[PDB]
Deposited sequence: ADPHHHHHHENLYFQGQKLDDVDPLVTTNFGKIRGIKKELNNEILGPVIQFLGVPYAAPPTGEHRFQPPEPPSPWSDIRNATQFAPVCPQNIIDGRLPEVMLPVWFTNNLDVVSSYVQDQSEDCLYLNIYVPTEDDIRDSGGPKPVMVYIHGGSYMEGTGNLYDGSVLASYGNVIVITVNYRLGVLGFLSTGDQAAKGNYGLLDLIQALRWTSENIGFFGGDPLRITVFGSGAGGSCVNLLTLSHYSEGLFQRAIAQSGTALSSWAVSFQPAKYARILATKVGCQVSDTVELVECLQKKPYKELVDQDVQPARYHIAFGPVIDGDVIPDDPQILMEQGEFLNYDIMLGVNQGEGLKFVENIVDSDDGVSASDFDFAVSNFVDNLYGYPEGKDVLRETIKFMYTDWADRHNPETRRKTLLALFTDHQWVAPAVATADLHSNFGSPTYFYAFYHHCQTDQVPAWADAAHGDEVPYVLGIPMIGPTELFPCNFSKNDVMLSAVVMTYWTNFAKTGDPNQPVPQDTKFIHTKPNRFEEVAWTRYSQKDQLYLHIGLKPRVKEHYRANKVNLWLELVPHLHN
């Protein structure tokens, strides 16, 4: 039996062998508490260190996840990864078991047959409302790349992000949870053979957002050294909550609280059964979030755009990227069995879109103009392409570029990719490119095993190769802060060149891998340079 001693006690893992006879099994420590339960008086408070035990602790099963509601809730289909939206039956099973006491992480440690390994800590996130690290099996990544992989569970939704804009409830509890998790990791991962000076934090979607947010925070100073944000930034409309007080108030009201003083407000919620808080439906503006990270003058000292613009963040090795057709769900339901979009629905889509994002006609006109193919403007297939590209460009591509531009500008080694391949399911239209969340199975090395309940795609032979390529890039980055060094690609002249504002080189990731320049330079500059000139 595999046992490790931590600063809090002894824990017993479990062995696990993969459905692939080329990969050496791993030992996984599941449900390791990295913090005291955030219950009762510690609700809406920063996390505290875990209590120690004079015992051999069993870390062989997942602990209950943080309270959430994915069925009768709202479920922001545009924000969520497609693989998650498409089978929430299998997702539900990961989340059937919930508890407020939910601050646990999972360790995946490889198996040799010399030297502290890199640690890759995965932060999940759909919309800040739901999810678990448990949905992500770190086994293959750990075994293939010889790195320790940790997946974390942090407070979600109300319990993780309630804020009054005051000292009553300051918010960002879920972010502090991630900091605490990284503290525990930094000072306890050596016992597992991990390297506290080579921790790489990584995440997709709102997970990416967390990653970026953490790099703006002076709390993560000395806790991790590199970051990978996948289809996620701190600059998207749904990255932070700009009106937390308003929604705290609405939530308080909905569960029968005196919304008078903010202290009496929190005190009221402090005491309610979590289910009351979770089962409540608080709808924010279209492409915005109600309960999420907040500008608190502390963890997040100011608007990420300002901080980033001013270089008020430390040096990290950064890797970020986007998928080809991130915004599948924005268009999916507006299509018409002929795989096309009417010139009518288009105007609506774009008009509504600009309304929600920008407000109260030159901009609406400019965007309609910019996203119309004047060669065959009657092609209704083209209309869905450019409509999908509009959402992908706005919500993902332009913020990623801005992020890459600003990190690299201020000296941080930056690598940028664009993901251009996926495994198509029957759950997705055949005309769809790589949707949101589609990089994940490759990164998790799922093709190395073949279809699982979670990712049930029939991974081809090329999917396995791609995954190995991706995993080599990611683990190389984790090892050296360079996706090229150690393990080479056996990609001759195909070396992931570092991104900078001059040529803006990025890696086209697909069955025909290439390194190009200025990804979608026209639209990116539209949104990043020209669209600002049309404001008041």
property: Missing segments of the deposited chain sequence, listed N- to C-terminal; result: 1 to 22, 136 to 140, 388 to 391, 522 to 531
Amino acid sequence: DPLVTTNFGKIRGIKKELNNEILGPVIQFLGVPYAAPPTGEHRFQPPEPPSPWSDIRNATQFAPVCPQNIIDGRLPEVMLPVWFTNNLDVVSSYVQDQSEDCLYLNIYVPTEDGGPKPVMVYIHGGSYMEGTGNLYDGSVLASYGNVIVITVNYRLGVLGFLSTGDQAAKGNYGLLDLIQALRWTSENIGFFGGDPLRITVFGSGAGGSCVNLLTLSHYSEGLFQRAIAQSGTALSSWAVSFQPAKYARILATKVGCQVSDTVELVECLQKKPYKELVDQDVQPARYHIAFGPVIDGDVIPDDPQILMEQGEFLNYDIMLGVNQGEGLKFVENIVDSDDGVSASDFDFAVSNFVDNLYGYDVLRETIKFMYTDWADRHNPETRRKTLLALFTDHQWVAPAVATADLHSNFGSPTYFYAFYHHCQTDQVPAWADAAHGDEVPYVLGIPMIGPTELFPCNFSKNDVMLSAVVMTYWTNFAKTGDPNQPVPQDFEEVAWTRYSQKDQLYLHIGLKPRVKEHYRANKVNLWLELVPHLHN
From here on, numbers count along this sequence of modelled residues.
item	value
215 to 223 or 174 to 182, whichever carries the higher mean Cα B-factor	215 to 223
Stretch with the higher entry mean CA B-factor, where the candidates are 202 to 210 and 339 to 347	339 to 347
Of the residues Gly359, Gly232, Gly157, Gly297, the one carrying the largest Cα B-factor as recorded	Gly359
Given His124, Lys117, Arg249, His288, the residue at which the Cα B factor reaches its maximum	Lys117
Record-listed C-alpha B factor of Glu41: chain third	middle
CA B-factor placement of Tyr144, once the chain's modelled residues are sorted into thirds	middle
Lowest, middle or highest third - CA B-factor, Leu363	highest
For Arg520, the third of its chain into which the C-alpha B factor falls	lowest
Ranked C-alpha temperature factor of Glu264 among modelled chain residues, by third	highest
